[PDB]
Amino acid sequence: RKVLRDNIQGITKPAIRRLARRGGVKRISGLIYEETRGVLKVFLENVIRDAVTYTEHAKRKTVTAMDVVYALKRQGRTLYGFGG
Amino acid sequence: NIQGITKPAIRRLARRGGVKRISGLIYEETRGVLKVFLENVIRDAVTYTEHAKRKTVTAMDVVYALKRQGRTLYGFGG
Amino acid sequence: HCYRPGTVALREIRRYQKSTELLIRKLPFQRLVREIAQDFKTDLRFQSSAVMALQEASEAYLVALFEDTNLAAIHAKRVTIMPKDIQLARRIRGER
Amino acid sequence: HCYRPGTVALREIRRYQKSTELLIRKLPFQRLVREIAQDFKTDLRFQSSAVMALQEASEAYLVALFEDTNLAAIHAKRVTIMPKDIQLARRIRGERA
Amino acid sequence: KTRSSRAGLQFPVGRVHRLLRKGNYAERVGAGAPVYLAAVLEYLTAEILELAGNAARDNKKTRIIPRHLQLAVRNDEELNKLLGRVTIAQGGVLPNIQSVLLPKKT
Amino acid sequence: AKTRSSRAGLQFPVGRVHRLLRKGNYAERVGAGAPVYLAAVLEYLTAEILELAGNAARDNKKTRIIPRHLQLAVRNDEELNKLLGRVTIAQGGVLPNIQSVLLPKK
Amino acid sequence: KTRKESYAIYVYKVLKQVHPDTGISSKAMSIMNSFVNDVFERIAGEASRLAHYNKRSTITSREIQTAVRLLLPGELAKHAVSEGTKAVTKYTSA
Amino acid sequence: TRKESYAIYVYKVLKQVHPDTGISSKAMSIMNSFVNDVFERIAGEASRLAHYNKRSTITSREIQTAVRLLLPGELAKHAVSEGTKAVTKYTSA
DNA sequence: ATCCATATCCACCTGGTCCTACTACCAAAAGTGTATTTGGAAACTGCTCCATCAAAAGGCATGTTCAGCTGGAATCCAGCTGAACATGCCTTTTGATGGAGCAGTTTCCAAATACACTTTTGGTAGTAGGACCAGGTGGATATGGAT
DNA sequence: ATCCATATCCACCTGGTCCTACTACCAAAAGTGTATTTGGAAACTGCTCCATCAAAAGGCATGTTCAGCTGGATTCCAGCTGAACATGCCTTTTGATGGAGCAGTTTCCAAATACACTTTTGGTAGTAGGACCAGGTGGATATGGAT
Ligand SMILES: [Cl-]
Ligand SMILES: [Cl-]
Ligand SMILES: [Cl-]
Ligand SMILES: [Cl-]
Ligand SMILES: [Mn+2]
Ligand SMILES: [Mn+2]
Ligand SMILES: [Mn+2]
Ligand SMILES: [Mn+2]
Ligand SMILES: [Mn+2]
Ligand SMILES: [Mn+2]
Ligand SMILES: [Mn+2]
Ligand SMILES: [Mn+2]
Ligand SMILES: [Mn+2]
Ligand SMILES: [Mn+2]
Ligand SMILES: [Mn+2]
Ligand SMILES: [Mn+2]
Ligand SMILES: [Mn+2]
Ligand SMILES: [Mn+2]
Ligand SMILES: [Mn+2]
Ligand SMILES: [Mn+2]
Ligand SMILES: [Mn+2]
Ligand SMILES: [Mn+2]
Ligand SMILES: [Mn+2]
Ligand SMILES: [Mn+2]
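The rules behind these values
Residues numbered from 1 in each chain as written, not as in the entry; some residues may be left out. Chains lettered and ligands numbered in written order. Heavy atoms only, no water. Helix = DSSP H or I, 4+ residues; strand = E, 2+ residues; numbered from the N terminus. Rg over C-alpha atoms; globule rule 2.2 N^0.38 Å. Contact = heavy atoms within 4.5 Å. Areas by Shrake-Rupley, 256 points an atom, 1.4 Å probe, with all protein chains shown as cover. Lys, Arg positive; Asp, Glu negative; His and termini not counted. Charge placed at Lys NZ, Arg CZ, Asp CG, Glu CD. Buried < 20%, exposed > 50% of the residue type's maximum accessible area, 1.4 Å probe, protein only. Buried area = accessible area lost by both parts, 1.4 Å probe. Salt bridge = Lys/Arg side-chain N within 4 Å of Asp/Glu carboxyl O. Polar contact = N/O pair within 3.5 Å; in protein donor to acceptor, adjacent residues only side chain to side chain. Nonpolar A, V, L, I, M, F, W, Y, C, P; charged D, E, K, R; others polar. Near = heavy atom within 4 Å. 1 Å grid on protein atoms, 1.4 Å probe; cavity = no way out; pocket = protein on both sides within 12 Å on 5 of 7 lines; lining within 4 Å. Points joined across faces, edges and corners; volume = space filled by probe spheres on them. Axes fitted to C-alpha atoms, helices over the stretch in contact; angles between N-to-C directions. Parallel < 35°, antiparallel > 145°, perpendicular 65-115°, else oblique. Left-handed = near helix turned anticlockwise from the far one by under 90°.

Its PDB header attributes the entry to X-ray crystallography and lists the resolution as 2.797 Å.

Written as structure tokens, this is what we have:
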């Protein structure tokens, strides 16, 4: 195991550009990308937490797709396609 | 009726919201928004009243309706 | 005259931000509620607490919508709220 | 020089708006997930479908956010989305407050 | 004879019943509640599968994929409002460009 | 002998929240410790809201709490404001907040 | 191996009724499963709250109906209430 | 009809908190609505918890996890310590 | 309006994915039949509180005038951001493996349920006492703003 | 800077809407004693699938150049909208009366539960075999945009 660091920069400028395109965005300022990462960090942090809170309650060490579905649902962004 | 909610009242509501200057067309748009809000809430509340086999809309019907609309209200039961 | 435009407007922003009273006259709001309810069921009567609750929730909703509306007007480098600001706020909120 | 600034952007809007593929590379997103999760609780494992679910949710949320943001930019008479647009959107939808 | 046939339904009345009491929504569950609920669920599935099948026919496809379910949901105002806070995996987005972003005057 | 809330050192009724957990159709069985825990948490949150509301009350030169004081307490505390982010306190009003670009002198 | 029930059989029947020459993908069928389970939980939850509000211990077809009216929008609510009523009258007619 | 409420208990906690302050009737009703609201939230989250794991009992563990899922950070930690403390005193009683 | 560098569209095609199809089995699900229990509909009706007047009182909405200052249009231009390119890297893909850990199965007891019975208490209801504070008054002084 | 005209605030005062104390009653809530049932924790281990490695290669990220045009700054002015009056409409109130109907009570039965047997079936797994579509090609057409 190697320490995991600075993986938010793995969300690349081209990827954020594609996500913005799917959003119908035409012109993107240079300061958007970092901003996006920030927002993205707040999103995952809030779902993953709840996810592992389920995983830890079931005395499990493996996060299931169902834990993600329950966390997303309790966050109000319920997701179809992965069970439940 | 919907015109009974006057422009001065809409102004006071907007000032509590921290608004300084108000367009002349704001008042009609506001009456429409308020009418939609009351239409949804009152619709669900009257659904609750009918299910209870009653003819008097209670404060608890409004509270339940508001809660399921995602706008829970403290101070009228529940 | 005396005061320049926008001064007593600020004065009333402070006045109504300090208080908690309801801002729409009771009777016209009650008539509106009864008219809107008449379309869904006839010969309906209301507990006074139900009407007052509807008014609390309504004026709260409208005050918040004017907060976000004012923010929308300021985003476009303006001070006057306009219908398109209310529309933008309601669309972002997920109501429109 | 062949295409005026903006044409290829509209072409890309049609391309990605027509398809459903994920737009963030899979492995970097997986590393990000394992980092965020590793900071909450060590020695965690993931089902592959849990990471793919986090992928789907994240990209859907970000796309919708970019739509509301684009509306924020256009509301200011701008074609270019800017951080103030994202902050206005997230503030209106009660995500930041 | 199953209760589904007894009610003229394809959806399982017995399963909806057992699920209604298994999820402790109340102490007791009347006999008509799973019939009504299975009927409603069946109607909704029929609606979305109709609109989605049309979406697949429009794209010259014979097998419905999530893209067709998304196209059906987001183009039907009522289904879109019903699933307003739901995201369909691999559903994508509706093609929509804001008019101001389009070119004009050469 | 002695009430369950007294044995738990609580002011909130353990037996009542136990009975309510039973009748609320939350689960088929309710352990003996769950009402103790829940009653304790409710008592703590009540203590927090009443504490901050009391501070607002003394700051407003008053001795008994009004809805305005509850609103000031909730909306000025970040975590209580997040917990009550979707609830409306009747007769609470709003916090004094004027956008800076609306003040005098441009 | 514990059995994992699903609505896929019934979704497939109602699929061959509406579009007889149209199949459905594994993913799309999964989305349909999540949809049926979701709507199920929403209906039964609103009905649970309904019975609790009115201090009844039984969930009847009536609570399911009021829950449908509270949950589904306009036309979907009307047609759903229609099909439900038809199904329970046909059921009790036997 | 016996109309139950959290009024007397909330008032007693108020006396433990601010012994010289009172509370209005409408504020009291707001407090009651708040206690009922948090009750329904924690109990519902706990019910969903026990259901997700195919369990038939709501234990103090379910209530705790639901508290971690509902309350913000510091409020969650404080509420958790209060709960485990009350359960510890109730057990050794 | 003509001509070119590119993108787009379509018919055709094929790999190998995605789906479907039988056979087989069975544990769980579902249906059927009797017996027992009971939730809650129905009928009655007491009393809470809701609708409707009556009827001044004057609070506040409405119409109007004037002009301040704001929104929006018109110009200019720096430098931000899109488009294209050359390079090469690290993600994607295919296949394999050890073994962690999820989960199926059986045992067994602490802990919850079910009931009877006693005790305690919180809620309702009068009747009565008390007091925090909203609203008003004087008078000081800070403030928006015109000179 | 001077100072006029309001707005604003602090000290004080008092009626009254409104809060706590105290007494009485009682259904129901809560506790306790005890006897039965059982959820699910422990222990064991089958079997899924997760982490990890290896290698090959090309899709796509990175970093750079160049300039088109967008945002932002500036200026200006037509015209909306705010601020103050003058009316006088119609909310507010409060006092009180019907009486609608909410809500408490008692009956009583259609329906729901509990239990036991029997039949059905939907799901899993093993094995085997079609077909819809993704990706690739090649040419025809369509499009941006320079001229
Ligand atoms: Cl507008
Ligand atoms: Cl910005
Ligand atoms: Cl417990
Ligand atoms: Cl029924
Ligand atoms: Mn870390
Ligand atoms: Mn072939
Ligand atoms: Mn009974
Ligand atoms: Mn002028
Ligand atoms: Mn300006
Ligand atoms: Mn230049
Ligand atoms: Mn290489
Ligand atoms: Mn092992
Ligand atoms: Mn007592
Ligand atoms: Mn007195
Ligand atoms: Mn005062
Ligand atoms: Mn001055
Ligand atoms: Mn006095
Ligand atoms: Mn067992
Ligand atoms: Mn490179
Ligand atoms: Mn421009
Ligand atoms: Mn009557
Ligand atoms: Mn079969
Ligand atoms: Mn193709
Ligand atoms: Mn052309």
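From this point, things continue past the structure.
A. Broad picture of the overall build of chain G. Along its length, chain G carries four helices and two strands. Overall, chain G shows an N-to-C arrangement of helices and strands of α-β-α-β-α-α. For a compact globule of 94 residues, the expected C-alpha radius of gyration is about 12 Å, and chain G comes in at 16 Å, more than 25% above that figure. Each principal axis of the C-alpha distribution contributes one length, and for chain G these read about 45 × 35 × 30 Å. Sequence-distant contacts, at least 24 apart, represent 26% of the contacts inside chain G between residues at least 6 apart. When the accessible surface of chain G is split by element, carbon and sulfur atoms take 52% of a total near 4700 Å². Across chain G, the 15 positively charged side chains and the 8 negatively charged ones have centroids separated by 3 Å.

B. The arrangement of the overall build of chain A in detail. Summing up its helical and strand segments, chain A has three helices and three strands in all. Against the globule reference of 12 Å for 84 residues, chain A gives a C-alpha radius of gyration of 16 Å, more extended than a compact globule. Here chain A, with 84 residues, has 55% of them falling under the buried criterion. For chain A, restricting intrachain contacts to residue pairs at least 6 apart in sequence, the fraction spanning at least 24 positions comes to 34%. For chain A, the distance from the average position of its 19 positive side-chain charges to the average position of its 7 negative side-chain charges is 7 Å.

C. Quick peek at the interface of chain H and chain F. Taken together, the contact pairs 58 residues of chain H with 53 residues of chain F. Between chain H and chain F, roughly 5000 Å² of surface is buried when both sides are summed, and carbon and sulfur atoms account for 70% of that area. Among the residues chain H hides against chain F, the three largest losses belong to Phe39, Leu75 and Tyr90 of chain H. Together they make up 14% of the total. Connecting chain H to chain F are two salt bridges. A salt bridge links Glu4 of chain H to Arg16 of chain F; its shortest N-O distance comes to 3.8 Å. On the surface where chain H and chain F come into contact, there are 18 residue pairs in polar contact. For the side of chain H that touches chain F, the secondary structure elements donating two or more residues are α1 (7-17), β1 (22-23), α2 (25-52), β2 (57-58), α3 (60-70) and α4 (73-91) of chain H. For the side of chain H that touches chain F, the element with the highest residue contribution is α2 of chain H, accounting for 16 residues. Looking at the side of chain H that touches chain F, its residues break down into 29 nonpolar, 18 polar and 11 charged.

D. View of the protein's contact with DNA strand J. Near DNA strand J lie 77 residues; those nearest to it are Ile22 of chain B, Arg4 and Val79 of chain D together with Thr1 and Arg55 of chain H. When the atoms of DNA strand J within 4 Å of the protein are sorted by group, sugar and phosphate make up 98%. Here a phosphate oxygen of DNA strand J sits 2.5 Å away from a polar atom, N or O, in the main chain of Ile22 of chain B. One of the backbone nitrogen or oxygen atoms of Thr7 of chain C is found 3.3 Å away from a phosphate oxygen of DNA strand J. Classifying every residue of the surface near DNA strand J by side-chain character gives 21 nonpolar, 21 polar and 35 charged.

E. Spatial organisation of empty space enclosed by the protein. Counted according to the given criterion, the structure contains two cavities of 30 Å³ or more. For the largest cavity, the calculated volume is near 60 Å³. Lining the largest cavity, in full, are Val63, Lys67, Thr72, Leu73, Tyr74, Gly77 and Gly78 of chain B together with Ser33 and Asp37 of chain H. Contributing elements (two or more residues each) for the lining of the largest cavity: α3 (59-68) and β3 (72-74) of chain B together with α2 of chain H. Partitioned by chemical class, the residues of the lining of the largest cavity number three nonpolar, four polar and two charged. Here the element with the most residues in the lining of the second largest cavity is α2 of chain H; it accounts for three residues. When its residues are assigned to classes, the lining of the second largest cavity shows nine nonpolar, no polar and no charged.

F. Quick look at the arrangement of the chains. The two partners chain D and chain G share no contact, and the minimum distance between any of their C-alpha atoms is 12 Å. No interface is formed between chain C and chain H, the nearest pair of C-alpha atoms being 12 Å apart.

G. Examining the packing of helix α3 (residues 32-58) of chain E against helix α2 (residues 26-53) of chain G more closely. Put simply, α3 of chain E and α2 of chain G touch, their axes get as near as 10 Å, and they point 140° apart. In terms of orientation, α3 of chain E and α2 of chain G fall into the oblique class. For the pair α3 of chain E and α2 of chain G, the sense of crossing is right-handed. For the pair formed by α3 of chain E and α2 of chain G, the contact residues are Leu37, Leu41, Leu44, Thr45, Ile48 and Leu49 of chain E on the first element and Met32, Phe35, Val36, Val39, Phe40 and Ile43 of chain G on the second. The residue inventory of the contact of α3 of chain E with α2 of chain G, partitioned by class, reads 11 nonpolar, one polar and no charged.

H. Highlighting the environment of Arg6 of chain E. Position of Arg6 of chain E among the secondary structure elements: in helix α1 (residues 3-7). Judged by its relative accessible area of 27%, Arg6 of chain E falls in the partly exposed class. Counting along the chain gives 77 residues from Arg6 of chain E to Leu83 of chain E, while the straight-line C-alpha distance between them is 31 Å. Excluding its chain neighbours within four sequence positions, the residues that come into contact with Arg6 of chain E are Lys1 of chain E together with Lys90, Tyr91 and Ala94 of chain G.

I. Geometry of the pattern of salt bridges. All names here are of chain A. Applying the stated criterion to the full structure yields 37 salt bridges over all chains. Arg74 is paired through a salt bridge with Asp50; the nearest N and O atoms lie 3.1 Å apart. Of this pair, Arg74 sits in helix α3 (residues 65-74) while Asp50 sits in helix α2 (residues 32-57), and the two are 24 residues apart along the sequence. Using a relative accessible area of 25% as the deciding quantity, one classes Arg74 as partly exposed.

J. Main features of the environment of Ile97 of chain E. The residue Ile97 of chain E is located in the segment after β3 (86-88) in this model. In the structure, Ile97 of chain E is positioned 17 residues away from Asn80 of chain E in sequence and 19 Å away in space, judged by C-alpha atoms. The contacts of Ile97 of chain E, once residues within four sequence positions are left out, are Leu10, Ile13, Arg14 and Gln17 of chain D together with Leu102 of chain E.

K. Spatial organisation of the protein's contact with DNA strand I. Around DNA strand I sit 75 residues in total, of which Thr62 of chain A, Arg25 of chain D, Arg22 of chain F together with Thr2 and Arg56 of chain G are the nearest. One nitrogen or oxygen atom from the side chain of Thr62 of chain A is found 2.6 Å from a phosphate oxygen belonging to DNA strand I. Here a sugar or linking oxygen of DNA strand I and a side-chain polar atom of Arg21 of chain B are 3.1 Å apart. In terms of residue class, the surface near DNA strand I is made up of 19 nonpolar, 21 polar and 35 charged.

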